[PDB]
>>> print(open('upload-v4.csv').read())   # CSV, C-alpha atoms
chain,number,residue,atom,x,y,z
A,106,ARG,CA,13.9,140.9,173.9
A,107,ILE,CA,16.6,141.6,171.3
A,108,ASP,CA,14.8,144.8,170.3
A,109,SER,CA,14.3,145.7,174.0
A,110,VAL,CA,18.0,145.4,174.7
A,111,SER,CA,19.0,147.0,171.5
A,112,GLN,CA,17.1,150.1,172.6
A,113,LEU,CA,19.9,150.5,175.1
A,114,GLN,CA,22.7,150.4,172.5
A,115,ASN,CA,24.5,153.8,172.8
A,116,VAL,CA,22.9,155.1,176.0
A,117,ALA,CA,26.0,155.0,178.2
A,118,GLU,CA,28.3,156.8,175.7
A,119,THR,CA,25.7,159.6,175.5
A,120,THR,CA,24.5,159.6,179.1
A,121,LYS,CA,28.0,160.0,180.4
A,122,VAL,CA,27.9,163.3,178.5
A,123,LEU,CA,24.3,164.0,179.7
A,124,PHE,CA,25.2,163.7,183.4
A,125,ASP,CA,28.3,165.9,183.2
A,126,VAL,CA,27.0,168.7,180.9
A,127,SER,CA,23.7,168.6,182.8
A,128,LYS,CA,25.2,169.2,186.2
A,129,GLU,CA,27.6,171.8,184.7
A,130,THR,CA,24.6,173.7,183.3
A,131,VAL,CA,23.0,173.4,186.7
A,132,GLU,CA,26.0,174.5,188.7
A,133,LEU,CA,28.0,177.0,186.7
A,134,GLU,CA,25.8,180.0,187.8
A,135,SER,CA,27.1,181.0,191.2
A,136,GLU,CA,28.9,183.7,189.1
A,137,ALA,CA,25.4,184.9,188.2
A,138,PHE,CA,24.4,184.7,191.9
A,139,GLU,CA,27.2,186.9,192.9
A,140,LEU,CA,26.4,189.2,190.0
A,141,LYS,CA,22.9,189.4,191.4
A,142,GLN,CA,24.3,190.7,194.6
A,143,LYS,CA,26.0,193.6,192.7
A,144,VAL,CA,22.8,194.1,190.6
A,145,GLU,CA,20.6,194.6,193.6
A,146,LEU,CA,23.2,196.9,195.2
A,147,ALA,CA,23.3,199.1,192.1
A,148,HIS,CA,19.5,198.9,192.1
A,149,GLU,CA,19.3,200.2,195.7
A,150,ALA,CA,21.8,202.9,194.8
A,151,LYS,CA,19.8,204.1,191.8
A,152,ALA,CA,16.7,204.0,193.9
A,153,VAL,CA,18.1,206.2,196.7
A,154,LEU,CA,19.6,208.7,194.3
A,155,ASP,CA,16.2,208.8,192.6
A,156,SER,CA,14.9,209.7,196.1
A,157,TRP,CA,17.5,212.4,196.5
B,1,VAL,CA,18.7,168.2,194.3
B,2,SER,CA,21.2,166.8,191.8
B,3,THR,CA,21.4,164.9,188.5
B,4,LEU,CA,19.6,161.7,189.4
B,5,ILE,CA,20.7,158.6,187.6
B,6,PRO,CA,18.5,155.7,186.3
B,7,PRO,CA,19.8,155.3,182.7
B,8,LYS,CA,22.5,152.8,183.5
B,9,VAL,CA,21.2,150.5,186.3
B,10,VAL,CA,20.6,147.8,183.8
B,11,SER,CA,23.6,145.6,184.8
B,12,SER,CA,22.0,144.3,188.1
B,13,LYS,CA,18.4,144.7,186.9
B,14,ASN,CA,18.6,141.8,184.4
B,15,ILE,CA,17.9,139.0,186.8
B,16,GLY,CA,14.4,139.5,188.3
B,17,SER,CA,12.3,140.2,185.2
B,18,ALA,CA,10.3,137.5,183.4
B,19,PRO,CA,12.0,137.5,179.9
B,20,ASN,CA,15.3,136.9,181.8
B,21,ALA,CA,14.0,133.5,183.0
B,22,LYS,CA,12.7,132.6,179.6
B,23,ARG,CA,16.0,133.8,178.1
B,24,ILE,CA,18.1,131.7,180.4
B,25,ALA,CA,15.8,128.8,179.7
B,26,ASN,CA,16.0,128.9,175.9
B,27,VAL,CA,19.6,129.8,175.4
B,28,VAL,CA,20.2,126.5,177.2
B,29,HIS,CA,17.4,124.9,175.0
B,30,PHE,CA,19.0,125.8,171.7
B,31,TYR,CA,22.6,124.6,171.8
B,32,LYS,CA,22.2,120.9,172.2
B,33,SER,CA,19.3,120.7,169.7
B,34,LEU,CA,20.6,118.7,166.6
B,35,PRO,CA,20.6,121.0,163.5
B,36,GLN,CA,19.0,119.4,160.5
B,37,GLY,CA,17.8,115.9,161.4
B,38,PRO,CA,21.3,114.7,162.2
B,39,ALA,CA,22.1,111.5,164.1
B,40,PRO,CA,18.7,109.9,163.4
B,41,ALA,CA,20.3,106.4,163.1
B,42,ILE,CA,18.3,105.4,159.9
B,43,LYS,CA,20.1,102.1,159.6
B,44,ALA,CA,20.0,99.5,162.4
B,45,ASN,CA,19.8,95.7,162.6
B,46,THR,CA,19.5,93.4,165.6
B,47,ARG,CA,17.9,90.4,163.7
B,48,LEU,CA,14.5,91.9,164.4
B,49,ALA,CA,15.1,95.6,163.9
B,50,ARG,CA,14.6,95.7,160.1
B,51,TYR,CA,11.1,94.4,160.8
B,52,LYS,CA,10.5,97.5,163.0
B,53,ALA,CA,12.2,99.9,160.6
B,54,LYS,CA,10.2,98.6,157.6
B,55,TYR,CA,6.9,98.2,159.4
B,56,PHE,CA,6.6,99.9,162.7
B,57,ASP,CA,7.8,103.5,162.1
B,58,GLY,CA,5.4,106.4,161.7
B,59,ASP,CA,5.8,106.4,157.9
B,60,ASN,CA,4.1,103.1,157.2
B,61,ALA,CA,2.5,102.5,160.6
B,62,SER,CA,0.1,99.9,159.3
B,63,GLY,CA,-1.3,97.0,161.4
B,64,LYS,CA,-0.9,94.4,158.7
B,65,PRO,CA,2.1,92.8,160.5
B,66,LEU,CA,-0.4,92.1,163.3
B,67,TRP,CA,-2.2,90.4,160.4
B,68,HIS,CA,1.0,88.5,159.8
B,69,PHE,CA,1.1,88.0,163.6
B,70,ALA,CA,-2.4,86.7,163.3
B,71,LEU,CA,-1.2,84.7,160.4
B,72,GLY,CA,1.6,83.5,162.7
B,73,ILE,CA,-1.1,82.3,165.1
B,74,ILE,CA,-2.7,80.7,162.0
B,75,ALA,CA,0.8,79.3,161.5
B,76,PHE,CA,0.9,78.4,165.3
B,77,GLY,CA,-2.4,77.2,166.6
B,78,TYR,CA,-3.6,75.4,163.4
B,79,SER,CA,-0.3,73.5,163.6
B,80,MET,CA,-1.1,73.0,167.2
B,81,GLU,CA,-4.3,71.5,165.7
B,82,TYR,CA,-1.9,69.2,163.9
B,83,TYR,CA,-0.3,68.5,167.3
B,84,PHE,CA,-3.6,68.1,169.2
B,85,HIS,CA,-6.7,67.3,167.0
>>> encode(input="upload-v4.csv", output="C-alpha coordinates")
Amino acid sequence: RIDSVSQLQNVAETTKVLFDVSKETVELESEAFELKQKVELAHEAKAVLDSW
Amino acid sequence: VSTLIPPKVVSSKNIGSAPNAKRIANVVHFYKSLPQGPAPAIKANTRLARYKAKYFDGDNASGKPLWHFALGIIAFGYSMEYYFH
(Lines of atoms letter the chains of each structure in order from A and count residues from 1; the text may use other names and numbers.)
(Lines give C-alpha, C1' and ligand atoms only; values in the text may rest on other atoms or scores of the structure.)
Protein backbone atom coordinates (compact mmCIF):
# COMPACT_ATOMS: atom_id res chain seq x y z
CA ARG A 1 0.00 0.00 0.00
CA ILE A 2 3.00 2.30 0.61
CA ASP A 3 4.18 1.60 -2.93
CA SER A 4 0.66 2.06 -4.35
CA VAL A 5 0.31 5.47 -2.68
CA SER A 6 3.90 6.51 -3.51
CA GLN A 7 3.04 6.02 -7.18
CA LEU A 8 0.94 9.18 -6.66
CA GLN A 9 3.80 11.31 -5.30
CA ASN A 10 4.27 14.16 -7.79
CA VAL A 11 1.09 13.71 -9.85
CA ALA A 12 -0.72 16.89 -8.82
CA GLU A 13 2.27 19.20 -9.35
CA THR A 14 2.58 17.86 -12.89
CA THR A 15 -1.10 17.35 -13.74
CA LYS A 16 -1.89 20.97 -12.86
CA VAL A 17 0.49 21.70 -15.75
CA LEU A 18 -1.03 18.90 -17.87
CA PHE A 19 -4.59 20.23 -17.52
CA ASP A 20 -3.70 23.83 -18.40
CA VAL A 21 -1.25 23.23 -21.24
CA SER A 22 -3.50 20.49 -22.65
CA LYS A 23 -6.59 22.71 -22.85
CA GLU A 24 -4.44 25.54 -24.24
CA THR A 25 -3.12 23.30 -27.02
CA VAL A 26 -6.74 22.29 -27.67
CA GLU A 27 -8.17 25.77 -27.69
CA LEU A 28 -5.54 28.17 -29.08
CA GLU A 29 -6.44 27.42 -32.72
CA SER A 30 -9.49 29.55 -33.50
CA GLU A 31 -6.86 31.80 -35.10
CA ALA A 32 -6.18 28.91 -37.47
CA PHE A 33 -9.93 28.50 -38.01
CA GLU A 34 -10.30 32.13 -39.05
CA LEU A 35 -7.16 31.68 -41.14
CA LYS A 36 -8.93 28.74 -42.85
CA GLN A 37 -11.73 31.13 -43.80
CA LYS A 38 -9.23 33.35 -45.64
CA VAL A 39 -7.49 30.30 -47.14
CA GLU A 40 -10.68 28.94 -48.69
CA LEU A 41 -11.55 32.45 -49.89
CA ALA A 42 -8.22 32.79 -51.73
CA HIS A 43 -8.70 29.19 -52.90
CA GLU A 44 -12.00 30.13 -54.55
CA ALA A 45 -10.44 33.30 -56.00
CA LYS A 46 -7.56 31.36 -57.55
CA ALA A 47 -10.05 28.79 -58.89
CA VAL A 48 -12.28 31.35 -60.57
CA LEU A 49 -9.40 33.27 -62.11
CA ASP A 50 -8.10 29.94 -63.37
CA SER A 51 -11.54 29.60 -64.97
CA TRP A 52 -11.24 33.05 -66.55
CA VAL B 1 -15.43 17.78 -25.19
CA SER B 2 -12.87 19.14 -22.73
CA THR B 3 -9.91 18.05 -20.64
CA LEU B 4 -11.51 15.39 -18.42
CA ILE B 5 -10.04 14.94 -14.98
CA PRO B 6 -9.49 11.66 -13.07
CA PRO B 7 -5.85 12.12 -11.87
CA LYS B 8 -6.67 13.79 -8.59
CA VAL B 9 -9.87 12.24 -7.26
CA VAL B 10 -7.87 10.27 -4.69
CA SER B 11 -8.87 12.44 -1.71
CA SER B 12 -12.41 11.07 -1.40
CA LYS B 13 -11.63 7.69 -2.99
CA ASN B 14 -9.59 6.38 -0.06
CA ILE B 15 -12.49 5.12 2.09
CA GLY B 16 -14.27 2.40 0.13
CA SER B 17 -11.46 0.14 -1.02
CA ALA B 18 -10.28 -2.99 0.81
CA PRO B 19 -6.68 -1.97 1.80
CA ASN B 20 -8.22 1.11 3.44
CA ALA B 21 -10.06 -1.05 5.98
CA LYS B 22 -6.95 -3.17 6.57
CA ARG B 23 -4.88 0.01 6.91
CA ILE B 24 -7.21 1.60 9.47
CA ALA B 25 -7.21 -1.73 11.30
CA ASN B 26 -3.46 -2.14 11.56
CA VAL B 27 -2.42 1.45 12.23
CA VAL B 28 -4.57 1.02 15.33
CA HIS B 29 -3.06 -2.43 15.89
CA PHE B 30 0.54 -1.19 15.93
CA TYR B 31 0.75 1.67 18.43
CA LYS B 32 -0.30 0.00 21.69
CA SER B 33 1.83 -3.09 21.03
CA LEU B 34 4.66 -3.16 23.56
CA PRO B 35 8.05 -2.83 21.81
CA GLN B 36 10.61 -5.43 22.92
CA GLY B 37 9.03 -7.64 25.56
CA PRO B 38 8.53 -4.72 27.93
CA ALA B 39 6.32 -4.83 31.05
CA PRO B 40 6.35 -8.64 31.24
CA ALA B 41 6.34 -8.53 35.08
CA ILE B 42 9.01 -11.21 35.50
CA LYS B 43 9.08 -10.83 39.31
CA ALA B 44 5.94 -11.43 41.38
CA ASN B 45 5.18 -12.96 44.78
CA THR B 46 1.86 -13.58 46.54
CA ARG B 47 3.06 -16.43 48.87
CA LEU B 48 2.13 -18.90 46.11
CA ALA B 49 3.28 -17.04 42.98
CA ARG B 50 6.95 -18.11 43.03
CA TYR B 51 5.66 -21.70 42.84
CA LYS B 52 3.90 -20.74 39.59
CA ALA B 53 6.84 -18.74 38.20
CA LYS B 54 9.31 -21.53 38.96
CA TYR B 55 7.08 -24.44 37.90
CA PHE B 56 4.02 -23.49 35.85
CA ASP B 57 5.36 -21.22 33.11
CA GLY B 58 5.86 -22.37 29.52
CA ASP B 59 9.62 -22.65 30.02
CA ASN B 60 9.65 -25.54 32.50
CA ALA B 61 6.00 -26.66 32.11
CA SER B 62 6.62 -30.04 33.76
CA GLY B 63 3.96 -32.01 35.62
CA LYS B 64 6.30 -33.01 38.47
CA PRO B 65 4.65 -30.52 40.92
CA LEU B 66 1.50 -32.60 40.37
CA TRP B 67 3.83 -35.41 41.46
CA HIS B 68 4.53 -33.24 44.50
CA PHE B 69 0.78 -32.67 44.71
CA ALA B 70 0.41 -36.45 44.51
CA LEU B 71 3.14 -36.56 47.16
CA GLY B 72 1.03 -34.02 49.04
CA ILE B 73 -1.82 -36.52 48.97
CA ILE B 74 0.77 -39.07 50.11
CA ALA B 75 1.46 -36.45 52.75
CA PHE B 76 -2.31 -36.08 53.32
CA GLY B 77 -4.18 -39.36 52.97
CA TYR B 78 -1.50 -41.59 54.49
CA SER B 79 -1.51 -39.19 57.45
CA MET B 80 -5.29 -39.57 57.32
CA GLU B 81 -4.43 -43.27 57.59
CA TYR B 82 -2.69 -42.22 60.82
CA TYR B 83 -5.94 -40.44 61.70
CA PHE B 84 -8.24 -43.34 60.71
CA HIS B 85 -6.58 -46.75 60.44
>>> interface_residues(input="upload-v4.csv", of="chain A", to="chain B", cutoff="10 Å", atoms="all atoms listed in the file", output="list in words")
residues 106, 110, 113, 116, 117, 120, 121, 123, 124, 125, 127, 128, 131 and 132 of chain A
>>> residues_around(input="upload-v4.csv", residues="residue 53 in chain B", least_positions_apart="6", cutoff="12 Å", atoms="all atoms listed in the file", output="short mmCIF file (atom, residue, chain, number, x, y, z; two decimals) with C-alpha atoms, in the coordinates of the input")
data_model
loop_
_atom_site.label_atom_id
_atom_site.label_comp_id
_atom_site.auth_asym_id
_atom_site.auth_seq_id
_atom_site.Cartn_x
_atom_site.Cartn_y
_atom_site.Cartn_z
CA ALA B 41 20.30 106.40 163.10
CA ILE B 42 18.30 105.40 159.90
CA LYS B 43 20.10 102.10 159.60
CA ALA B 44 20.00 99.50 162.40
CA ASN B 45 19.80 95.70 162.60
CA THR B 46 19.50 93.40 165.60
CA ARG B 47 17.90 90.40 163.70
CA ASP B 59 5.80 106.40 157.90
CA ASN B 60 4.10 103.10 157.20
CA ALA B 61 2.50 102.50 160.60
#
>>> atom_distance(input="upload-v4.csv", atom1="CA of residue 134 in chain A", atom2="CA of residue 122 in chain A")
19.2 Å
>>> atom_distance(input="upload-v4.csv", atom1="CA of residue 115 in chain A", atom2="CA of residue 30 in chain B")
28.6 Å
>>> atom_distance(input="upload-v4.csv", atom1="CA of residue 9 in chain B", atom2="CA of residue 22 in chain B")
20.9 Å
>>> build_atoms(input="upload-v4.csv", residues="range 42-60 of chain B", atoms="N, CA and C atoms", output="PDB file, keeping the file's coordinate frame")
ATOM      1  N   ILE B  42      19.274 105.996 160.891  1.00  0.00           N
ATOM      2  CA  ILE B  42      18.300 105.400 159.900  1.00  0.00           C
ATOM      3  C   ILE B  42      18.592 104.009 159.549  1.00  0.00           C
ATOM      4  N   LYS B  43      19.752 103.469 159.915  1.00  0.00           N
ATOM      5  CA  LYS B  43      20.100 102.100 159.600  1.00  0.00           C
ATOM      6  C   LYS B  43      20.478 101.360 160.876  1.00  0.00           C
ATOM      7  N   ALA B  44      19.720 100.314 161.196  1.00  0.00           N
ATOM      8  CA  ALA B  44      20.000  99.500 162.400  1.00  0.00           C
ATOM      9  C   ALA B  44      19.441  98.105 162.157  1.00  0.00           C
ATOM     10  N   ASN B  45      20.136  97.119 162.721  1.00  0.00           N
ATOM     11  CA  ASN B  45      19.800  95.700 162.600  1.00  0.00           C
ATOM     12  C   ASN B  45      20.172  94.957 163.828  1.00  0.00           C
ATOM     13  N   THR B  46      19.213  94.239 164.419  1.00  0.00           N
ATOM     14  CA  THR B  46      19.500  93.400 165.600  1.00  0.00           C
ATOM     15  C   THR B  46      18.717  92.056 165.422  1.00  0.00           C
ATOM     16  N   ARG B  47      18.579  91.585 164.170  1.00  0.00           N
ATOM     17  CA  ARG B  47      17.900  90.400 163.700  1.00  0.00           C
ATOM     18  C   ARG B  47      16.365  90.481 163.817  1.00  0.00           C
ATOM     19  N   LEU B  48      15.873  91.561 164.423  1.00  0.00           N
ATOM     20  CA  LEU B  48      14.500  91.900 164.400  1.00  0.00           C
ATOM     21  C   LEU B  48      14.207  93.361 164.195  1.00  0.00           C
ATOM     22  N   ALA B  49      15.258  94.164 164.002  1.00  0.00           N
ATOM     23  CA  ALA B  49      15.100  95.600 163.900  1.00  0.00           C
ATOM     24  C   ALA B  49      14.689  96.078 162.522  1.00  0.00           C
ATOM     25  N   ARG B  50      15.042  95.338 161.466  1.00  0.00           N
ATOM     26  CA  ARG B  50      14.600  95.700 160.100  1.00  0.00           C
ATOM     27  C   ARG B  50      13.094  95.512 159.964  1.00  0.00           C
ATOM     28  N   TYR B  51      12.525  94.556 160.705  1.00  0.00           N
ATOM     29  CA  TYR B  51      11.100  94.400 160.800  1.00  0.00           C
ATOM     30  C   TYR B  51      10.416  95.661 161.344  1.00  0.00           C
ATOM     31  N   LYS B  52      10.991  96.228 162.411  1.00  0.00           N
ATOM     32  CA  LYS B  52      10.500  97.500 163.000  1.00  0.00           C
ATOM     33  C   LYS B  52      10.683  98.651 162.030  1.00  0.00           C
ATOM     34  N   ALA B  53      11.864  98.761 161.415  1.00  0.00           N
ATOM     35  CA  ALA B  53      12.200  99.900 160.600  1.00  0.00           C
ATOM     36  C   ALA B  53      11.378  99.872 159.261  1.00  0.00           C
ATOM     37  N   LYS B  54      10.989  98.682 158.809  1.00  0.00           N
ATOM     38  CA  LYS B  54      10.200  98.600 157.600  1.00  0.00           C
ATOM     39  C   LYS B  54       8.706  98.657 157.888  1.00  0.00           C
ATOM     40  N   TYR B  55       8.283  98.283 159.094  1.00  0.00           N
ATOM     41  CA  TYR B  55       6.900  98.200 159.400  1.00  0.00           C
ATOM     42  C   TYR B  55       6.352  99.114 160.452  1.00  0.00           C
ATOM     43  N   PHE B  56       7.114  99.348 161.520  1.00  0.00           N
ATOM     44  CA  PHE B  56       6.600  99.900 162.700  1.00  0.00           C
ATOM     45  C   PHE B  56       7.085 101.349 162.998  1.00  0.00           C
ATOM     46  N   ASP B  57       7.468 102.060 161.945  1.00  0.00           N
ATOM     47  CA  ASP B  57       7.800 103.500 162.100  1.00  0.00           C
ATOM     48  C   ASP B  57       6.490 104.274 161.800  1.00  0.00           C
ATOM     49  N   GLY B  58       6.568 105.599 161.942  1.00  0.00           N
ATOM     50  CA  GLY B  58       5.400 106.400 161.700  1.00  0.00           C
ATOM     51  C   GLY B  58       5.107 106.658 160.229  1.00  0.00           C
ATOM     52  N   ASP B  59       6.028 106.277 159.344  1.00  0.00           N
ATOM     53  CA  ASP B  59       5.800 106.400 157.900  1.00  0.00           C
ATOM     54  C   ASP B  59       4.776 105.414 157.415  1.00  0.00           C
ATOM     55  N   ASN B  60       5.057 104.123 157.586  1.00  0.00           N
ATOM     56  CA  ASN B  60       4.100 103.100 157.200  1.00  0.00           C
ATOM     57  C   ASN B  60       2.982 102.973 158.195  1.00  0.00           C
TER      58      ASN B  60
END
